[PDB]
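Enquirer: This is the content of target_37.json (JSON, N, CA and C atoms):
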```
[["chain", "number", "residue", "atom", "x", "y", "z"],
["A", 1, "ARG", "N", 12.55, -3.82, -19.20],
["A", 1, "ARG", "CA", 13.58, -4.54, -18.41],
["A", 1, "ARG", "C", 13.53, -4.12, -16.91],
["A", 2, "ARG", "N", 13.83, -2.85, -16.58],
["A", 2, "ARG", "CA", 13.88, -2.36, -15.18],
["A", 2, "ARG", "C", 12.48, -1.86, -14.74],
["A", 3, "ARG", "N", 11.80, -2.66, -13.89],
["A", 3, "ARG", "CA", 10.44, -2.35, -13.37],
["A", 3, "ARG", "C", 10.43, -1.38, -12.14],
["A", 4, "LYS", "N", 11.33, -1.58, -11.14],
["A", 4, "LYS", "CA", 11.37, -0.81, -9.86],
["A", 4, "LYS", "C", 10.26, -1.39, -8.93],
["A", 5, "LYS", "N", 10.60, -2.48, -8.21],
["A", 5, "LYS", "CA", 9.63, -3.22, -7.35],
["A", 5, "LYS", "C", 10.28, -3.78, -6.05],
["A", 6, "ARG", "N", 9.43, -3.99, -5.03],
["A", 6, "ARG", "CA", 9.83, -4.61, -3.73],
["A", 6, "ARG", "C", 8.61, -5.34, -3.14],
["A", 7, "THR", "N", 8.89, -6.56, -2.66],
["A", 7, "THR", "CA", 7.88, -7.39, -1.92],
["A", 7, "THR", "C", 8.44, -7.82, -0.54],
["A", 8, "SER", "N", 8.72, -6.83, 0.31],
["A", 8, "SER", "CA", 9.25, -7.03, 1.67],
["A", 8, "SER", "C", 8.73, -5.84, 2.51],
["A", 9, "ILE", "N", 8.16, -6.16, 3.69],
["A", 9, "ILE", "CA", 7.61, -5.13, 4.60],
["A", 9, "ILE", "C", 8.81, -4.57, 5.43],
["A", 10, "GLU", "N", 8.91, -3.25, 5.31],
["A", 10, "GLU", "CA", 9.92, -2.38, 5.92],
["A", 10, "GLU", "C", 9.02, -1.26, 6.50],
["A", 11, "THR", "N", 9.32, -0.90, 7.75],
["A", 11, "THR", "CA", 8.49, 0.04, 8.57],
["A", 11, "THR", "C", 8.02, 1.36, 7.88],
["A", 12, "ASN", "N", 8.86, 2.04, 7.08],
["A", 12, "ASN", "CA", 8.46, 3.25, 6.30],
["A", 12, "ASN", "C", 7.52, 2.94, 5.08],
["A", 13, "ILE", "N", 7.59, 1.80, 4.32],
["A", 13, "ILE", "CA", 6.51, 1.47, 3.34],
["A", 13, "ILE", "C", 5.21, 0.98, 4.07],
["A", 14, "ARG", "N", 5.25, 0.15, 5.13],
["A", 14, "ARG", "CA", 4.03, -0.23, 5.92],
["A", 14, "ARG", "C", 3.19, 0.98, 6.44],
["A", 15, "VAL", "N", 3.87, 2.02, 6.94],
["A", 15, "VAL", "CA", 3.27, 3.31, 7.39],
["A", 15, "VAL", "C", 2.79, 4.19, 6.22],
["A", 16, "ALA", "N", 3.64, 4.40, 5.20],
["A", 16, "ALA", "CA", 3.24, 5.10, 3.95],
["A", 16, "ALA", "C", 2.08, 4.41, 3.17],
["A", 17, "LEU", "N", 1.94, 3.07, 3.27],
["A", 17, "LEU", "CA", 0.78, 2.29, 2.79],
["A", 17, "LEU", "C", -0.43, 2.41, 3.77],
["A", 18, "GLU", "N", -0.21, 2.35, 5.10],
["A", 18, "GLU", "CA", -1.27, 2.54, 6.14],
["A", 18, "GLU", "C", -1.91, 3.96, 6.17],
["A", 19, "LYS", "N", -1.08, 5.00, 6.08],
["A", 19, "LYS", "CA", -1.52, 6.42, 6.05],
["A", 19, "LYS", "C", -2.11, 6.92, 4.68],
["A", 20, "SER", "N", -1.74, 6.23, 3.58],
["A", 20, "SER", "CA", -2.43, 6.28, 2.25],
["A", 20, "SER", "C", -3.97, 5.99, 2.32],
["A", 21, "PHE", "N", -4.35, 5.02, 3.16],
["A", 21, "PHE", "CA", -5.74, 4.64, 3.47],
["A", 21, "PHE", "C", -6.50, 5.75, 4.27],
["A", 22, "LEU", "N", -5.89, 6.22, 5.37],
["A", 22, "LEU", "CA", -6.40, 7.34, 6.23],
["A", 22, "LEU", "C", -6.70, 8.70, 5.51],
["A", 23, "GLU", "N", -6.12, 8.93, 4.31],
["A", 23, "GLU", "CA", -6.43, 10.09, 3.43],
["A", 23, "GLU", "C", -7.70, 9.72, 2.58],
["A", 24, "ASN", "N", -7.60, 8.65, 1.76],
["A", 24, "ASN", "CA", -8.74, 8.07, 1.00],
["A", 24, "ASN", "C", -8.65, 6.53, 1.13],
["A", 25, "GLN", "N", -9.76, 5.96, 1.62],
["A", 25, "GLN", "CA", -9.86, 4.51, 2.00],
["A", 25, "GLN", "C", -9.92, 3.51, 0.80],
["A", 26, "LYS", "N", -10.82, 3.74, -0.17],
["A", 26, "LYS", "CA", -10.90, 2.94, -1.42],
["A", 26, "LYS", "C", -10.58, 3.90, -2.62],
["A", 27, "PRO", "N", -9.30, 4.30, -2.88],
["A", 27, "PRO", "CA", -8.94, 5.13, -4.08],
["A", 27, "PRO", "C", -8.38, 4.28, -5.29],
["A", 28, "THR", "N", -8.86, 3.04, -5.40],
["A", 28, "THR", "CA", -8.04, 1.87, -5.76],
["A", 28, "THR", "C", -7.18, 1.91, -7.02],
["A", 29, "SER", "N", -7.60, 1.30, -8.14],
["A", 29, "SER", "CA", -6.73, 1.14, -9.33],
["A", 29, "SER", "C", -5.85, 2.34, -9.82],
["A", 30, "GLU", "N", -6.36, 3.57, -9.70],
["A", 30, "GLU", "CA", -5.57, 4.80, -10.06],
["A", 30, "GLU", "C", -4.51, 5.20, -8.99],
["A", 31, "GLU", "N", -4.88, 5.19, -7.70],
["A", 31, "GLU", "CA", -3.97, 5.51, -6.57],
["A", 31, "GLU", "C", -2.85, 4.47, -6.29],
["A", 32, "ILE", "N", -3.08, 3.15, -6.45],
["A", 32, "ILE", "CA", -2.02, 2.08, -6.33],
["A", 32, "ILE", "C", -0.75, 2.41, -7.18],
["A", 33, "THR", "N", -0.97, 2.83, -8.44],
["A", 33, "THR", "CA", 0.08, 3.39, -9.34],
["A", 33, "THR", "C", 0.85, 4.62, -8.75],
["A", 34, "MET", "N", 0.13, 5.70, -8.38],
["A", 34, "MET", "CA", 0.73, 6.92, -7.78],
["A", 34, "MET", "C", 1.52, 6.72, -6.45],
["A", 35, "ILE", "N", 1.03, 5.84, -5.56],
["A", 35, "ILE", "CA", 1.70, 5.43, -4.28],
["A", 35, "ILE", "C", 3.02, 4.66, -4.55],
["A", 36, "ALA", "N", 3.01, 3.68, -5.48],
["A", 36, "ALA", "CA", 4.26, 2.96, -5.86],
["A", 36, "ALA", "C", 5.39, 3.84, -6.47],
["A", 37, "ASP", "N", 5.02, 4.85, -7.28],
["A", 37, "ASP", "CA", 5.96, 5.86, -7.84],
["A", 37, "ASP", "C", 6.66, 6.74, -6.76],
["A", 38, "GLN", "N", 5.91, 7.14, -5.70],
["A", 38, "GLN", "CA", 6.46, 7.90, -4.54],
["A", 38, "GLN", "C", 7.71, 7.24, -3.87],
["A", 39, "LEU", "N", 7.67, 5.91, -3.57],
["A", 39, "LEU", "CA", 8.86, 5.16, -3.08],
["A", 39, "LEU", "C", 9.38, 4.28, -4.27],
["A", 40, "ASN", "N", 9.51, 2.97, -4.05],
["A", 40, "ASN", "CA", 9.91, 1.95, -5.05],
["A", 40, "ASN", "C", 9.19, 0.64, -4.58],
["A", 41, "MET", "N", 7.84, 0.61, -4.70],
["A", 41, "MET", "CA", 7.01, -0.51, -4.18],
["A", 41, "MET", "C", 6.59, -1.48, -5.34],
["A", 42, "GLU", "N", 6.25, -2.74, -5.00],
["A", 42, "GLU", "CA", 5.46, -3.61, -5.91],
["A", 42, "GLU", "C", 3.95, -3.25, -5.79],
["A", 43, "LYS", "N", 3.26, -3.43, -6.92],
["A", 43, "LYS", "CA", 1.78, -3.22, -7.02],
["A", 43, "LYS", "C", 0.77, -4.33, -6.74],
["A", 44, "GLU", "N", 1.23, -5.55, -6.95],
["A", 44, "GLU", "CA", 0.58, -6.78, -6.37],
["A", 44, "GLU", "C", 0.44, -6.60, -4.82],
["A", 45, "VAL", "N", 1.56, -6.19, -4.19],
["A", 45, "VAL", "CA", 1.67, -5.73, -2.78],
["A", 45, "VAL", "C", 0.66, -4.62, -2.39],
["A", 46, "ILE", "N", 0.61, -3.44, -3.07],
["A", 46, "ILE", "CA", -0.33, -2.34, -2.67],
["A", 46, "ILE", "C", -1.82, -2.78, -2.59],
["A", 47, "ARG", "N", -2.31, -3.40, -3.68],
["A", 47, "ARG", "CA", -3.70, -3.93, -3.80],
["A", 47, "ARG", "C", -4.05, -4.96, -2.69],
["A", 48, "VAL", "N", -3.14, -5.93, -2.41],
["A", 48, "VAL", "CA", -3.26, -6.94, -1.32],
["A", 48, "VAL", "C", -3.17, -6.30, 0.10],
["A", 49, "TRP", "N", -2.14, -5.46, 0.40],
["A", 49, "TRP", "CA", -2.06, -4.68, 1.68],
["A", 49, "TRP", "C", -3.34, -3.80, 1.92],
["A", 50, "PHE", "N", -3.79, -3.04, 0.90],
["A", 50, "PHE", "CA", -5.05, -2.25, 0.93],
["A", 50, "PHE", "C", -6.35, -3.10, 1.14],
["A", 51, "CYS", "N", -6.43, -4.32, 0.56],
["A", 51, "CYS", "CA", -7.54, -5.30, 0.81],
["A", 51, "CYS", "C", -7.67, -5.80, 2.28],
["A", 52, "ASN", "N", -6.53, -5.98, 2.96],
["A", 52, "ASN", "CA", -6.46, -6.41, 4.39],
["A", 52, "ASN", "C", -6.74, -5.20, 5.35],
["A", 53, "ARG", "N", -6.19, -3.99, 5.08],
["A", 53, "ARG", "CA", -6.57, -2.74, 5.79],
["A", 53, "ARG", "C", -8.09, -2.32, 5.71],
["A", 54, "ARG", "N", -8.76, -2.72, 4.62],
["A", 54, "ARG", "CA", -10.21, -2.50, 4.36],
["A", 54, "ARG", "C", -11.17, -2.99, 5.48],
["A", 55, "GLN", "N", -10.99, -4.22, 6.01],
["A", 55, "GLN", "CA", -11.77, -4.73, 7.18],
["A", 55, "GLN", "C", -11.17, -4.41, 8.59],
["A", 56, "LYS", "N", -9.96, -3.82, 8.70],
["A", 56, "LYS", "CA", -9.35, -3.37, 9.98],
["A", 56, "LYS", "C", -8.54, -2.11, 9.65],
["A", 57, "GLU", "N", -9.36, -1.08, 9.72],
["A", 57, "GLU", "CA", -9.03, 0.33, 9.38],
["A", 57, "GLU", "C", -8.14, 0.96, 10.50],
["A", 58, "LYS", "N", -8.72, 1.15, 11.69],
["A", 58, "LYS", "CA", -8.00, 1.61, 12.91],
["A", 58, "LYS", "C", -8.62, 0.78, 14.08],
["A", 59, "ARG", "N", -8.28, -0.53, 14.11],
["A", 59, "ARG", "CA", -8.85, -1.52, 15.05],
["A", 59, "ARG", "C", -7.74, -2.04, 16.00],
["A", 60, "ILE", "N", -7.04, -3.14, 15.64],
["A", 60, "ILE", "CA", -5.98, -3.76, 16.49],
["A", 60, "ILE", "C", -4.71, -3.92, 15.61],
["A", 61, "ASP", "N", -4.67, -5.01, 14.84],
["A", 61, "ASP", "CA", -3.51, -5.39, 13.99],
["A", 61, "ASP", "C", -3.62, -4.76, 12.58],
["A", 62, "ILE", "N", -2.74, -3.78, 12.30],
["A", 62, "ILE", "CA", -2.69, -3.06, 11.00],
["A", 62, "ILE", "C", -1.46, -3.65, 10.26]]
```
Written as structure tokens, how would this file's structure read?
Expert:
Amino acid sequence: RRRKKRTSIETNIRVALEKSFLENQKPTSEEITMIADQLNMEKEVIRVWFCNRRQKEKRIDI
């Protein structure tokens, strides 16, 4: 019943998702789970946000 999810960009999840990459860049299926447990994130969101950060790591628009 109670999943614990969010699909809205708020400055502290955008940074905690951006700095997750700067530690390990492709940590994918296992790390998406561990990052969502730390706050209260959706996982469709982590995989999609991490796919867009993949081609613009530390470039212009993050």
Enquirer: Skip region 30-35 of chain A itself and residues of its chain fewer than 3 positions away, then list as a PyMOL selection string all residues within 8 Å of it, counting only N, CA and C atoms.
Expert: chain A and resi 16-17+20+26-27+38-43+46-47
Enquirer: If DSSP is run on the backbone, what residues of chain A are helix (DSSP H, G or I)? A reply as a PyMOL selection string would be ideal.
Expert: chain A and resi 11-23+28-38+43-55
Enquirer: Next, the residues of the selection above should be written as an mmCIF file, in the coordinates of the input with N, CA and C atoms.
Expert:
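That gives us selection_20.cif:
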```
data_model
loop_
_atom_site.group_PDB
_atom_site.id
_atom_site.type_symbol
_atom_site.label_atom_id
_atom_site.label_comp_id
_atom_site.auth_asym_id
_atom_site.auth_seq_id
_atom_site.Cartn_x
_atom_site.Cartn_y
_atom_site.Cartn_z
ATOM 1 N N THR A 11 9.320 -0.900 7.750
ATOM 2 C CA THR A 11 8.490 0.040 8.570
ATOM 3 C C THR A 11 8.020 1.360 7.880
ATOM 4 N N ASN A 12 8.860 2.040 7.080
ATOM 5 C CA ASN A 12 8.460 3.250 6.300
ATOM 6 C C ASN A 12 7.520 2.940 5.080
ATOM 7 N N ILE A 13 7.590 1.800 4.320
ATOM 8 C CA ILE A 13 6.510 1.470 3.340
ATOM 9 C C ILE A 13 5.210 0.980 4.070
ATOM 10 N N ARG A 14 5.250 0.150 5.130
ATOM 11 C CA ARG A 14 4.030 -0.230 5.920
ATOM 12 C C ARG A 14 3.190 0.980 6.440
ATOM 13 N N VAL A 15 3.870 2.020 6.940
ATOM 14 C CA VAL A 15 3.270 3.310 7.390
ATOM 15 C C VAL A 15 2.790 4.190 6.220
ATOM 16 N N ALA A 16 3.640 4.400 5.200
ATOM 17 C CA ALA A 16 3.240 5.100 3.950
ATOM 18 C C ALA A 16 2.080 4.410 3.170
ATOM 19 N N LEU A 17 1.940 3.070 3.270
ATOM 20 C CA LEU A 17 0.780 2.290 2.790
ATOM 21 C C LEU A 17 -0.430 2.410 3.770
ATOM 22 N N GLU A 18 -0.210 2.350 5.100
ATOM 23 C CA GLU A 18 -1.270 2.540 6.140
ATOM 24 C C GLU A 18 -1.910 3.960 6.170
ATOM 25 N N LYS A 19 -1.080 5.000 6.080
ATOM 26 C CA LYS A 19 -1.520 6.420 6.050
ATOM 27 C C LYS A 19 -2.110 6.920 4.680
ATOM 28 N N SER A 20 -1.740 6.230 3.580
ATOM 29 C CA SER A 20 -2.430 6.280 2.250
ATOM 30 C C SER A 20 -3.970 5.990 2.320
ATOM 31 N N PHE A 21 -4.350 5.020 3.160
ATOM 32 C CA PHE A 21 -5.740 4.640 3.470
ATOM 33 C C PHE A 21 -6.500 5.750 4.270
ATOM 34 N N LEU A 22 -5.890 6.220 5.370
ATOM 35 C CA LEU A 22 -6.400 7.340 6.230
ATOM 36 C C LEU A 22 -6.700 8.700 5.510
ATOM 37 N N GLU A 23 -6.120 8.930 4.310
ATOM 38 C CA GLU A 23 -6.430 10.090 3.430
ATOM 39 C C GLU A 23 -7.700 9.720 2.580
ATOM 40 N N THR A 28 -8.860 3.040 -5.400
ATOM 41 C CA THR A 28 -8.040 1.870 -5.760
ATOM 42 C C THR A 28 -7.180 1.910 -7.020
ATOM 43 N N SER A 29 -7.600 1.300 -8.140
ATOM 44 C CA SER A 29 -6.730 1.140 -9.330
ATOM 45 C C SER A 29 -5.850 2.340 -9.820
ATOM 46 N N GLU A 30 -6.360 3.570 -9.700
ATOM 47 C CA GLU A 30 -5.570 4.800 -10.060
ATOM 48 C C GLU A 30 -4.510 5.200 -8.990
ATOM 49 N N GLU A 31 -4.880 5.190 -7.700
ATOM 50 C CA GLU A 31 -3.970 5.510 -6.570
ATOM 51 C C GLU A 31 -2.850 4.470 -6.290
ATOM 52 N N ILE A 32 -3.080 3.150 -6.450
ATOM 53 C CA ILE A 32 -2.020 2.080 -6.330
ATOM 54 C C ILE A 32 -0.750 2.410 -7.180
ATOM 55 N N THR A 33 -0.970 2.830 -8.440
ATOM 56 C CA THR A 33 0.080 3.390 -9.340
ATOM 57 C C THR A 33 0.850 4.620 -8.750
ATOM 58 N N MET A 34 0.130 5.700 -8.380
ATOM 59 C CA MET A 34 0.730 6.920 -7.780
ATOM 60 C C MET A 34 1.520 6.720 -6.450
ATOM 61 N N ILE A 35 1.030 5.840 -5.560
ATOM 62 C CA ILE A 35 1.700 5.430 -4.280
ATOM 63 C C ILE A 35 3.020 4.660 -4.550
ATOM 64 N N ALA A 36 3.010 3.680 -5.480
ATOM 65 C CA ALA A 36 4.260 2.960 -5.860
ATOM 66 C C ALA A 36 5.390 3.840 -6.470
ATOM 67 N N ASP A 37 5.020 4.850 -7.280
ATOM 68 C CA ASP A 37 5.960 5.860 -7.840
ATOM 69 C C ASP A 37 6.660 6.740 -6.760
ATOM 70 N N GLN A 38 5.910 7.140 -5.700
ATOM 71 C CA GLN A 38 6.460 7.900 -4.540
ATOM 72 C C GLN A 38 7.710 7.240 -3.870
ATOM 73 N N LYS A 43 3.260 -3.430 -6.920
ATOM 74 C CA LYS A 43 1.780 -3.220 -7.020
ATOM 75 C C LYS A 43 0.770 -4.330 -6.740
ATOM 76 N N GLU A 44 1.230 -5.550 -6.950
ATOM 77 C CA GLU A 44 0.580 -6.780 -6.370
ATOM 78 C C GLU A 44 0.440 -6.600 -4.820
ATOM 79 N N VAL A 45 1.560 -6.190 -4.190
ATOM 80 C CA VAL A 45 1.670 -5.730 -2.780
ATOM 81 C C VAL A 45 0.660 -4.620 -2.390
ATOM 82 N N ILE A 46 0.610 -3.440 -3.070
ATOM 83 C CA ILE A 46 -0.330 -2.340 -2.670
ATOM 84 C C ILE A 46 -1.820 -2.780 -2.590
ATOM 85 N N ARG A 47 -2.310 -3.400 -3.680
ATOM 86 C CA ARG A 47 -3.700 -3.930 -3.800
ATOM 87 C C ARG A 47 -4.050 -4.960 -2.690
ATOM 88 N N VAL A 48 -3.140 -5.930 -2.410
ATOM 89 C CA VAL A 48 -3.260 -6.940 -1.320
ATOM 90 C C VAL A 48 -3.170 -6.300 0.100
ATOM 91 N N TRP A 49 -2.140 -5.460 0.400
ATOM 92 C CA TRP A 49 -2.060 -4.680 1.680
ATOM 93 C C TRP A 49 -3.340 -3.800 1.920
ATOM 94 N N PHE A 50 -3.790 -3.040 0.900
ATOM 95 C CA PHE A 50 -5.050 -2.250 0.930
ATOM 96 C C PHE A 50 -6.350 -3.100 1.140
ATOM 97 N N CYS A 51 -6.430 -4.320 0.560
ATOM 98 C CA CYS A 51 -7.540 -5.300 0.810
ATOM 99 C C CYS A 51 -7.670 -5.800 2.280
ATOM 100 N N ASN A 52 -6.530 -5.980 2.960
ATOM 101 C CA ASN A 52 -6.460 -6.410 4.390
ATOM 102 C C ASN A 52 -6.740 -5.200 5.350
ATOM 103 N N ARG A 53 -6.190 -3.990 5.080
ATOM 104 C CA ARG A 53 -6.570 -2.740 5.790
ATOM 105 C C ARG A 53 -8.090 -2.320 5.710
ATOM 106 N N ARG A 54 -8.760 -2.720 4.620
ATOM 107 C CA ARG A 54 -10.210 -2.500 4.360
ATOM 108 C C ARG A 54 -11.170 -2.990 5.480
ATOM 109 N N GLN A 55 -10.990 -4.220 6.010
ATOM 110 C CA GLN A 55 -11.770 -4.730 7.180
ATOM 111 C C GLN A 55 -11.170 -4.410 8.590
#
```
Enquirer: Go ahead and find all residues with at least one atom no further than 6 Å from (6.5, 1.9, -10.7) in the file's coordinates, using all atoms listed in the file; report them as a ChimeraX atom specification.
Expert: /A:3-4,36-37
Enquirer: Could you check how far atom N of residue 54 (chain A) sits from atom C of residue 2 (chain A), in Å to one decimal?
Expert: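 Between atom N of residue 54 (chain A) and atom C of residue 2 (chain A) the gap works out to 28.8 Å.
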Enquirer: Considering only C-alpha atoms, state which residue in the set A:24, A:19, A:29, A:44 is at the smallest distance from residue 7 (chain A).
Expert: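 Counting only C-alpha atoms, the residue closest to residue 7 (chain A) is A:44.
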Enquirer: How would region 3-59 of chain A look written as a CSV table (one decimal), in the first residue's frame with C-alpha atoms?
Expert:
```csv
chain,number,residue,atom,x,y,z
A,3,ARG,CA,5.4,3.0,-1.4
A,4,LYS,CA,7.1,6.4,-0.3
A,5,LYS,CA,7.6,8.3,-3.6
A,6,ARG,CA,7.9,11.8,-5.2
A,7,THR,CA,8.0,13.0,-8.8
A,8,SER,CA,8.7,16.8,-8.3
A,9,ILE,CA,12.2,18.5,-8.6
A,10,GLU,CA,13.0,20.3,-5.3
A,11,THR,CA,16.6,21.8,-4.9
A,12,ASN,CA,17.9,19.3,-2.2
A,13,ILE,CA,16.8,16.1,-4.2
A,14,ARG,CA,18.2,17.7,-7.6
A,15,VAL,CA,21.6,18.2,-5.7
A,16,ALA,CA,21.5,14.9,-3.8
A,17,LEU,CA,20.8,13.2,-7.3
A,18,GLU,CA,23.6,15.4,-9.0
A,19,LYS,CA,26.3,14.7,-6.3
A,20,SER,CA,25.3,10.9,-6.3
A,21,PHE,CA,26.8,10.9,-9.9
A,22,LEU,CA,30.1,12.8,-8.9
A,23,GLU,CA,30.9,9.9,-6.4
A,24,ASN,CA,30.1,7.0,-8.9
A,25,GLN,CA,28.8,7.9,-12.4
A,26,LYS,CA,27.1,4.6,-13.6
A,27,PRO,CA,26.3,2.7,-10.3
A,28,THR,CA,22.9,2.0,-11.8
A,29,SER,CA,20.3,-0.7,-10.8
A,30,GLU,CA,21.7,-1.3,-7.2
A,31,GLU,CA,22.5,2.4,-6.3
A,32,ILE,CA,19.0,3.8,-7.6
A,33,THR,CA,17.4,1.8,-4.7
A,34,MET,CA,19.9,3.0,-1.9
A,35,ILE,CA,19.6,6.7,-3.0
A,36,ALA,CA,15.7,6.7,-2.9
A,37,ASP,CA,15.8,5.2,0.7
A,38,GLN,CA,18.1,8.1,1.9
A,39,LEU,CA,15.3,10.7,1.2
A,40,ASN,CA,11.8,9.8,-0.1
A,41,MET,CA,12.3,9.7,-4.0
A,42,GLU,CA,10.6,7.9,-6.9
A,43,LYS,CA,12.8,5.4,-8.8
A,44,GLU,CA,11.4,6.0,-12.4
A,45,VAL,CA,12.8,9.5,-11.5
A,46,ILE,CA,16.4,8.4,-10.4
A,47,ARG,CA,17.0,6.2,-13.5
A,48,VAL,CA,15.7,9.0,-15.9
A,49,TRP,CA,17.6,11.9,-14.0
A,50,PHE,CA,20.8,9.8,-14.0
A,51,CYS,CA,20.3,9.0,-17.9
A,52,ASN,CA,20.3,12.9,-18.7
A,53,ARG,CA,23.3,13.6,-16.3
A,54,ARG,CA,25.3,10.8,-18.2
A,55,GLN,CA,25.9,13.0,-21.4
A,56,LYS,CA,26.3,16.4,-19.4
A,57,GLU,CA,28.3,15.5,-16.3
A,58,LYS,CA,29.8,18.9,-15.4
A,59,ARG,CA,29.1,20.9,-18.6
```
